[PDB]
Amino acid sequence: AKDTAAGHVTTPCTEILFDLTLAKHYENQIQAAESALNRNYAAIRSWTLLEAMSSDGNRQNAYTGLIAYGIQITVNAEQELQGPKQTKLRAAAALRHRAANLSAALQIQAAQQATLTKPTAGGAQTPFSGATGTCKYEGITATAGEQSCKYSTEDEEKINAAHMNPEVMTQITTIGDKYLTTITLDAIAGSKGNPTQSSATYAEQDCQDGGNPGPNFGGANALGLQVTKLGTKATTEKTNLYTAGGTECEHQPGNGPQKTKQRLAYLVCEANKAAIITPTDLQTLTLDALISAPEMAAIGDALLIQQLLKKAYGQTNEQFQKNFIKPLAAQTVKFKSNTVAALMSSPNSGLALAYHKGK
């Protein structure tokens, strides 16, 4: 089923939730990838220490092969991350920017009741040069209390990173531009008798004189207006991410002016297409992943093919784990105390290496 999340956007608040949720999804993809690289670099420092601490030549070559393998794949994956990272961050910033815009518009569009000021009565005056009575109001205002978006359990279940994988997203839903640009209001004028510049009794926030001025045009002559409501209705719009053929982004820029929804759909499409490749996690490497890794052929040939690799790293995963993986979190190093991996990510990392390479 496609477009579960976008198909749940029906209001300004759910567009805000979609936009923020998708931005956080892209941000989290980058953070996860960068965490995988940092873990790999921490593994490389750990093996560097173990390589300096081993006396056996072939075991030293074994660690060196893990160092070389790790450097190759992690440097490559870090370089490869840069394009997708920038593409995804471009979309996340724009989505956050849109959600801010919409939240600000929502607060203003909630200002739906006017407070009248005290008017001033006149005769003919611009823009009613032909009137015999005018009632002029300055500084009518409308303000709402602080608005907040409330989400139900299902809003948060449907508009969710779990439904934002690229394979299920074909469109975005946005609030129409009028909500962000247009003030709307209703107003009504009322007249009774012969209102003039002498209609200067203002106690009812209108212009009255004659008889007994009072509530509900109590007086003989009365003129007034009210702004009886404000607020522009939100509408929704759909925008496709892809061309009709399905591969290419719709709404590429540079082809003429675009609306906000079109610019957002383009950025979302590109961010969806910019898949991240995460390299192997070195800290949980298995024997089979190592010897079947394509980079290990030339590395093992340089240092020692798959028969040679097993000869270096173990015939089973159990002994590979014991010799090359478990020491990272379990082997203690003390000199003048910490486990290998934490030590080589600590303030004493360099000093532990110098101490053991010199000893």
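Residues carry their position along the shown sequence, with the first being 1.
- In this entry, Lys336 and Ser337 are separated by 4 to 9 residues of the deposited sequence that lack coordinates.
- Gap check for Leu304 to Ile305: 10 or more deposited residues are absent from the model.
- Looking at 64-72 and 48-56 together, the entry lists the larger mean B-factor for 48-56, computed on C-alpha atoms.
- A summary of the deposited B-factors shows that, of 120-128 and 140-148, the stretch with the larger mean C-alpha value is 120-128.
- The PDB entry gives the largest Cα B-factor of the residues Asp288, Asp177, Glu167, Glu157 to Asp288.
- When the modelled residues of the chain are ordered by their C-alpha B factor, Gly218 lands in the highest third.
- Sort the chain's modelled residues by C-alpha temperature factor and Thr243 lands in the middle third, per the entry.
- In the deposited entry, the Cα temperature factor of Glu318 sits in the top third of values across the chain's modelled residues.
- The PDB entry assigns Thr232 a C-alpha temperature factor belonging to the lowest third of its chain's modelled residues.
- In this PDB entry, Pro257 carries a Cα temperature factor that places it within the lowest third of its chain's modelled residues.
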